[PDB]
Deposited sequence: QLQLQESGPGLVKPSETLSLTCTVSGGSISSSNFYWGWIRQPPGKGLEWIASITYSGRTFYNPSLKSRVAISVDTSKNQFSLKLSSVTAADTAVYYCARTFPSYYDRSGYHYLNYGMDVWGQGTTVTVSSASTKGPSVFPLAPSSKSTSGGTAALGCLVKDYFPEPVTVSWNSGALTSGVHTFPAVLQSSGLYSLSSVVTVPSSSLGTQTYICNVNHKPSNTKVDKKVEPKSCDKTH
């Protein structure tokens, strides 16, 4: 198929240059039939388009942004890049790399190109803050019929933390909660799996916390309380 996975710093201290990269799999970025765009979504607000590019270099820009926007195709490594400069708090957003519908011509010859997005990326998160990445300290939420254990992911910056379980082989009964933002401007989520009482003494539970902006990879045994 066509997978689209972004690459971002998660952090862009203000007035600086934010670079995102969109790694592409399952399709030629050198194809001139398509266009390749960035859509951002500032948090809890709607969607806006930034810029779009085809491999010929023919390139369209949002004009409220075009002054600060640069874009290019990294055609050796099959990926394309957003460079946004002199950023502010209004550039905090989830940034989606996407792939348009194919550029074609009708029978009259009018050229239809870059008109809307077919295939989307997963998004990457960019918080613009004058601060820097904080790794999460991580803590077990040990259980006390039906039974719930968990992980706490305490004090990190910025979003996201992604968490899976038993190296992702357990997904069922896994609920991972949306993180709170405390007074400190840091983040904390918790992630709970609901499992039978039977698997307490036998069946091991590793949660796999990953905070991408700080290289932080953390596993943890949650093992039950005693007397």
Legend entry - Coordinate gaps, deposited numbering: 145 to 150, 234 to 237
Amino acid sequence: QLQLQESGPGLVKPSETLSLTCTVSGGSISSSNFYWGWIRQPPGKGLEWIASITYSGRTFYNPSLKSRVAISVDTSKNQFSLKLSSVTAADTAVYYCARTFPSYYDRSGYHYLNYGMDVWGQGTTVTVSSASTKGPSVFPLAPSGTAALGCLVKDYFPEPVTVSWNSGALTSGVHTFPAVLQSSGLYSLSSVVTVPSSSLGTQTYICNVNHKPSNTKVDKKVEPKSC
From here on, numbers count along this sequence of modelled residues.
Inset, instruction - Identify the stretch, either 33 to 41 or 181 to 189, whose C-alpha atoms have the larger mean B-factor according to the entry. - result: 181 to 189
Legend entry - Residue range whose averaged C-alpha B-factor is higher in the record, 196 to 204 or 66 to 74: 196 to 204
Legend entry - Residue with highest C-alpha B-factor in the PDB entry, from 142, 153, 97, 93: 142
Legend entry - Modelled-residue ranking by C-alpha temperature factor, third containing residue 131: highest
Legend entry - Assigned third (lowest, middle, highest) for the C-alpha B factor of residue 117: lowest
Inset, instruction - Consider only the C-alpha atoms of the modelled residues in this chain, order them by B-factor as the entry records it, and name the third containing residue 170: lowest, middle or highest. - result: highest
Legend entry - Ranked against its chain, the third holding the CA B-factor of residue 147: highest
Inset, instruction - Please place residue 4 in the lowest, middle or highest third of its chain by C-alpha B factor as given in the entry. - result: lowest
